[PDB]
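Just the one chain here, the form deposited in one PDB entry, laid out as structure tokens.
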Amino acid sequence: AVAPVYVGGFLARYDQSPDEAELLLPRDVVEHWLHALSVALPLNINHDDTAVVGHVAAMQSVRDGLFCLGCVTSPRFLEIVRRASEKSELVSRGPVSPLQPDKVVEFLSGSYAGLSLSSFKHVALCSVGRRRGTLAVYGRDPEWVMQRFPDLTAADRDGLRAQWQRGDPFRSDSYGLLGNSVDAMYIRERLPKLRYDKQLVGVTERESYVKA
């Protein structure tokens, strides 16, 4: 529905050892980045600057990584998704048992299962993220989405919660989303990577609309 959709997830996962054994981004290197939110960080589709769907409501550098909570607010984008979801068999199959069907959230969960902070500038919703653990979790309530991630601390969530609170931007079209999906269809290890990110961030231990 044109009620907004929230999306949360890790943009980057932090190296936990004292010697870079994992080759992940150091927490203080990324925190320098953060330190370096007054200007709105746009949320776009697959890095396309004409395809702004909403914005990042909060970014919190936590123990395991840099978590992000964005808001998909664009009526046009949500309408396109509403229209495409009505023609998807995957969506008609429905979520996992206890969850209430939600065609848009479910369409988004399958189409843009990844998050990507990169060429801050913007956060991109894409079919998969390159960095480890960048799975995108959508839901209607921001509280439910943060609760999908076991890594998050009561304090971490309060850290985010404080930020998110204290003319349609989408200038693209369905064709742009159509072209993206075909490219996505040829990304080779997409599902595997998704499944790996899900486990890593622990959404496998929670009920969600994640299609992977």
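One-based numbering along the sequence shown. Think of the rigid core as the biggest set of C-alphas that the two forms share within 1.5 Å after superposition.
FYI, the form deposited in another entry isn't displayed, but the following is about it.
Comparing the forms between the shown form and the other one on their rigid core, the Cα displacement of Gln16 reaches 2 Å or more. For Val203, the Cα coordinates differ by under 2 angstroms between the shown form and the other one after the core has been superposed. With the core held fixed, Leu194 shows a CA shift below 2 Å between the shown form and the other one. Relative to this form, in the other entry the C-alpha atoms of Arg63 and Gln16 separate from one another by 3 angstroms or more. Compared with the form shown here, the Cα atoms of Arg131 and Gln16 move at least 3 Å closer together in the other entry.
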